[PDB]
Amino acid sequence: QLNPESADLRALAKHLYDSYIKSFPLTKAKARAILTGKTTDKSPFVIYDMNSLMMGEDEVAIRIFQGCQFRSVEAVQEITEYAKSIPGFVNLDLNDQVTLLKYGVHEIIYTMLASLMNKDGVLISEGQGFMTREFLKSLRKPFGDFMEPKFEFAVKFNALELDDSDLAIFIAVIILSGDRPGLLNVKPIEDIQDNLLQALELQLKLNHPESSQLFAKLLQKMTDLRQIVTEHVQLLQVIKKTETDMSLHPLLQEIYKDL
Amino acid sequence: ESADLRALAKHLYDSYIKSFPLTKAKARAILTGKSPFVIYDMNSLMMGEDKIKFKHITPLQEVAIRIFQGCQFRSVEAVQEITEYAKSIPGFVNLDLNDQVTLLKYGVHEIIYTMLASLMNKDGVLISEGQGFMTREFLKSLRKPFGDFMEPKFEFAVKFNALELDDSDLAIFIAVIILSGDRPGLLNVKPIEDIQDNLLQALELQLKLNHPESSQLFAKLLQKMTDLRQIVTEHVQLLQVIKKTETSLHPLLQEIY
Ligand SMILES: O=C(O)Cc1c[nH]c2ccc(O)cc12
Ligand SMILES: O=C(O)Cc1c[nH]c2ccc(O)cc12
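Residues numbered from 1 in each chain as written, not as in the entry; some residues may be left out. Chains lettered and ligands numbered in written order. Heavy atoms only, no water. Residues with missing side-chain atoms left out of burial classes, pairs and counts.

Judging from the entry metadata, X-ray crystallography is the method by which this structure was determined, and 2.70 Å is the reported resolution.

Here it is as structure tokens:
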């Protein structure tokens, strides 16, 4: 029914779930509680136009983009804190540690960003705001499409119906890759992930009995992430040329470099 | 064991062997221990056309261009082998005709590189039913954009072949790839996903029974699907950049491709 074996993997599930709660202020559970309206005090102020973008504080395209940019830098921070708590992660070559974060941080950001989205928009400013997909798609030329592929992924991905205890493990599997470019020590990294994969596989089986092969369906979604990430950097480089007065955060510049 | 899955597995394996001339097992014997004609440079390629007489892709009345053309001729040839295998997958044929076309259209490039891996090692790849072996370096030896056409694939193969899968495994892995419900333009996704789910259980059992030793191999293999997509898009980009050189006379040839 559950031997020494699984028992250890559950202990790992719990451990990761706990660090996740402790590292990310806005879990999917809270995100969805705000979005479904199962509240009165948790309801968000909606921004669907310039008019409301104004009241919402109580050119824009860039004021918004740069808003995402720094929020993004903040996520790299929360994720880096989460990584450290991944058994074995800190025991690796400090170089490989940086490499895993370099390539992993964004795929993780979009995985989690889905938790704040629904087909119509996304929660912002810690859930207090809600920016609609349409207002975002209406931004001037370039910026009008930087969020669209995120919604794309989010709708398909949210369909898997995963909760925080699931994501916590899935997000760890993402960091502990190994096929990541320039890793010095691949075996050590692969020994961790193999362990994380069993954790997720069991976690999903127990958490979603009625959902068969969800493990594989979740694993296949990683292709979507890479594509998303690539597309982002690409749209990112273009903007760099069009808007030369707009900066980019150093940290963020170090992640996209040689990426 | 759900004999139903152990069945779908043998079925798929049986079809894989009938649809594909050169198998992973066959190709691993050559690479290791009637040796193929080795093509390591320009002169060896020359004698190769008269020897290997792989002149099915060449008689068409520029070394880097005749090589690239040659790969495409094989690619087309493979597409038919894949299309035939596809029809062996339980239920594939019963799908909406358009969706069957859609699945094959977006899966062929992924399956080709997946199987191309079977024919290559870190130092080269097997060509023409395995009669040849074009070295990997003579391929970087190519100028223009032709010097990085295959390189991204040797890299993929090295990571992929490391999984040490065999034809019984690849047979199911490929079925899974074709049955991808995220192909743009599909009309009725449910059927395709149900079948893929079904194919996923078979590949899972296949790998646990065939590779008890390797932990989570199923999971690791699925991950390779990422590198595959990346390999394909990147490849499609090359075919774009290459579209700036030139283009029985061509008119009809350019059409077949
Ligand atoms: O990827 C980046 O560095 C910037 C970025 C663009 N759009 C986003 C939406 C949410 C988020 O957290 C960050 C971003
Ligand atoms: O629900 C998730 O997967 C986590 C998540 C996504 N976006 C966020 C922005 C801020 C924050 O504290 C947490 C999150």
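Continuing now.
A. Focus on the UniProt feature "binding site: rosiglitazone" in chain A. All names here are of chain A. Mapped onto the present numbering, the UniProt feature "binding site: rosiglitazone" falls on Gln-69, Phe-70, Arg-71, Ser-72, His-106, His-232 and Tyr-256. Mapping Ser-72 onto the fold places it in helix α4 (residues 60-84). According to the relative accessible area criterion, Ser-72 is buried, its value standing at 14%. In this view, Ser-72 contacts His-106, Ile-109 and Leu-252; residues no more than four positions away in its chain are not counted. One can find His-232 in helix α11 (residues 222-242). Filtering out sequence-adjacent residues up to four positions away, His-232 remains in contact with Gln-69, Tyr-110, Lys-150 and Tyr-256. (UniProt positions renumbered as here; feature names shortened; annotations may be inferred. Helix = DSSP H or I, 4+ residues; strand = E, 2+ residues; numbered from the N terminus. Buried < 20%, exposed > 50% of the residue type's maximum accessible area, 1.4 Å probe, protein only. Contact = heavy atoms within 4.5 Å.)

B. Inspection of the packing of helix α5 (residues 94-113) of chain A against helix α8 (residues 164-175) of chain A at higher detail. Residue and element names in this part refer to chain A. One can describe the packing of α5 onto α8 by two numbers: an axis separation of 8 Å at closest approach and a directional angle of 150 degrees. Taken together, the axes of α5 and α8 lie roughly antiparallel to each other. In the packing of α5 onto α8, the handedness of the crossing is right-handed. Residues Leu-100, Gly-104, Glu-107, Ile-108, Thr-111 and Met-112 of α5 pack against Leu-167, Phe-170, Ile-171, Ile-174 and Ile-175 of α8. Its residues assigned to classes, the contact of α5 with α8 shows eight nonpolar, two polar and one charged. (Axes fitted to C-alpha atoms, helices over the stretch in contact; angles between N-to-C directions. Parallel < 35°, antiparallel > 145°, perpendicular 65-115°, else oblique. Left-handed = near helix turned anticlockwise from the far one by under 90°. Nonpolar A, V, L, I, M, F, W, Y, C, P; charged D, E, K, R; others polar.)

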